[PDB]
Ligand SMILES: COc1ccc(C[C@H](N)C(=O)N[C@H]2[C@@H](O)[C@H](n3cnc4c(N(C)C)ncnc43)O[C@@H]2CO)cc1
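For reference, the chain that follows is the form solved without the ligand, supplied as structure tokens.
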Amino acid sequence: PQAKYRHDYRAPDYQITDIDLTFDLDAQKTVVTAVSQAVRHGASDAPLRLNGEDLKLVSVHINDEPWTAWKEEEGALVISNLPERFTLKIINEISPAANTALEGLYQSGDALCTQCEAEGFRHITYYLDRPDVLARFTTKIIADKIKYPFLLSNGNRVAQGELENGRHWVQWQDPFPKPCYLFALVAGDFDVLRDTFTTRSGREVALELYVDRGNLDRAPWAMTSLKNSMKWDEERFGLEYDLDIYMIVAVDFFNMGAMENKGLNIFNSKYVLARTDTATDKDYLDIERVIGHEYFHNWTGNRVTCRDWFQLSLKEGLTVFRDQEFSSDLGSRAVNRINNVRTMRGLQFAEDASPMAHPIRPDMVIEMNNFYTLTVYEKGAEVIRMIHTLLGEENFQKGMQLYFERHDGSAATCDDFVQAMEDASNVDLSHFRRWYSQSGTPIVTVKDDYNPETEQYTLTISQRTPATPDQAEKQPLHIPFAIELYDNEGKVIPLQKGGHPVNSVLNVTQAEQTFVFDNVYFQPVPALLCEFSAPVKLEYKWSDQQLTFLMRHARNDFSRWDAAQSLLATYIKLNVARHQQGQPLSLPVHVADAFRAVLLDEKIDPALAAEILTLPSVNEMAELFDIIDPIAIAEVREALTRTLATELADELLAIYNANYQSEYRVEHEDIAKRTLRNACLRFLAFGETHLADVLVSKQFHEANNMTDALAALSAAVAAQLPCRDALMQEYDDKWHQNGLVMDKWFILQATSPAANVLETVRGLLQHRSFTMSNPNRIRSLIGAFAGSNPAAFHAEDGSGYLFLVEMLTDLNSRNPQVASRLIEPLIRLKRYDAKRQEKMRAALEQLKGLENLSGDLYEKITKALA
């Protein structure tokens, strides 16, 4: 399998302007007829090269003439000797029931549905499967009326009929030209939740949510979120929906979260279905985010699409930024920002230090489905947020307006977007563009000096990005570096120099530079990299007292959390080193005191308190170390939880009780209180055993919502409490028929600290609720073990690696996309000690030798073994 390169992009020799599709649908054999209107742009002697994968070609006609001047090659149908304008007709067969990979046209339970992004449409017919070819689609679907009473595609229904032998048909038309990755088809039997939204200018939109029969009770929150998303995009971005119907279909078998097909989004049911007894606060908020996300793509991805797949972040970074702004505006902006920062520092930084490191606009790709990444999405969004920081809201919106004005109805590039922002705002983004081309995490080092004689404070800021495996050459970036200076009373010191105010977003553009501020009347405590203003590691030699001072006084809640993170990082690193020497946890009294104060502060927002009281995950902890010791990190996390539970026991119980709520509401103030209460509960579970067991068992039994039940169950597992086995059985007995709810329980099994966790996980491959055919089940059991239980995964005997090899051996052939997601923990081997590296390398070498190794795994394995 061959790498493709961004610098090799060239405009297509042929365009397709209009395609008429007919599907004679059947699970075993579907017949596709595709009539395309084509136009030659290249030389008269260039052939038309159509992509196709696993298609049985039936016939090829050019203007209704059976064509002889063609050949099939690996992945292609190459058609020679064509006129300048012509009608291409292809008939071909495919087999939905054989499609275990879930790319193209496949079966999800009894429904048929599609996934075409990135290069899945070529699994349906021979086409110009590239996103710079936009065509007007009409889609006629013919099927068994009893099995498939609903036949859906993009746009509006234009024709319908009934046939003999119990078949019927529906034809759809979408007036907006689209790349084929935005094509969708759905056939099946559903319950349909129907609603309407009226746009600001008066366009009436029919909203239709299709769910499996029996699930209408779980649909209203997703419908509500859709209306919320539509309203927000109008208020914040000035964007309205552009069609007459908005269809969402919830399917149980899906490789990612959801997909923005124009007017017909297809969602993993995990990001649709919610009831208060089945879904947690986090599930509700994730539904909200993902509903929003797909909706936001209607403009940022559909009305303006991607020229080529190396431009993926053009739509993904921007749409993730939008979904974060949506969540943040409707909910707690501080909690959103906190959680997105946790993702960046703990999951994305790790990728940027891995063999799979890439810039947000990649230069080289073997399998494009490997580049739907934390980098492209989350780091992408941080890049867009840097633009927002540099420009301000008003100029940023002017940029958005110019981007759409120039590019509406076309496929564009990352560079076009940056250019729109620069031209609308008059801010120079030439240097800033380097964020698109350079991989790896920059390290920003800050040193300070206060001069009492001149009342001047000097910051000396330096930047470096370490080389990555993809790029030996690194240069300085344009780093927006936001600061605030605090006096001894906690008040903000105005930033100024030579009698003029200085913007608090410093432009850090050199390897090293100095910034000098005047009229600094007291030695400052700085808040540095405010609201994580660039996606960088900060190196500043904080005292513990500066950090606890910021925890009390900083004016943005984010900085209060972030200071607590920096305080904890010191003592996490201490205690991991101690663990490796056989010594127990050591923590200064004044550190415990700082967290006590958070618990007892009656003015602090409980949302903020809850996050300060949520310890960094084992993933975020790992990023503090050059060499990861996953057992020490897991044990230190536990010991720190135990020590805090003991030291703060009375305060924890008092806050736990004070935040009791009898009514359950999916409302932000209530969510915050409950997050704080359950954060207290987690510590209390690790206190004295009898009280822990009683508190946790009683919460599990008395809970009137899954947030509270699951928090108790999760605490019983984590603390290995006496009640654990009974509670886990109770949950299985009640919920085994419900896969989404059982996912939570598989995660708890997979992430258990028990010594026999791997044995239990293997045994669960036979559980009544588990199946290797379902990506959600795979991810919740196997993925969670490998990715979220690094202590067990990285068991010194190598057993975790062997288990993953066995699962990947099946998944490589069944569902390579899922396989490639699951291999990620093994490609991190160079972060581990020599003995672990050796075992992980041997595991990778076994996988490299697989017969029929997928391109998906090949890419990652060869980068890892290099």
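Residues carry their position along the shown sequence, with the first being 1.
Beyond what is shown, the protein has a form deposited with the ligand bound; the following relates to that form.
Interface residue remark: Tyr403 is not counted as part of the site for the ligand in the bound PDB entry, having no heavy atom within 4.5 Å.
Interface membership of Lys839, defined by any non-hydrogen atom within 4.5 Å of the ligand in the bound PDB entry, is ruled out. Proximity of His293 to the ligand in the bound PDB entry falls within the 4.5 Å heavy atom cutoff. Using a 4.5 Å cutoff between non-hydrogen atoms, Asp286 counts as a contact of the ligand in the bound PDB entry.
Contact with the ligand in the bound PDB entry, judged by any heavy atom within 4.5 Å, is made by just one of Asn154, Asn298, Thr373, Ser269: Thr373. Of the residues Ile604, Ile366, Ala482, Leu347, just one reaches the ligand in the bound PDB entry with a heavy atom at 4.5 Å or closer; this is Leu347. Across the options 795-803, 820-828, 66-74, 28-36, residues that bring heavy atoms within 4.5 Å of the ligand in the bound PDB entry belong to 820-828.
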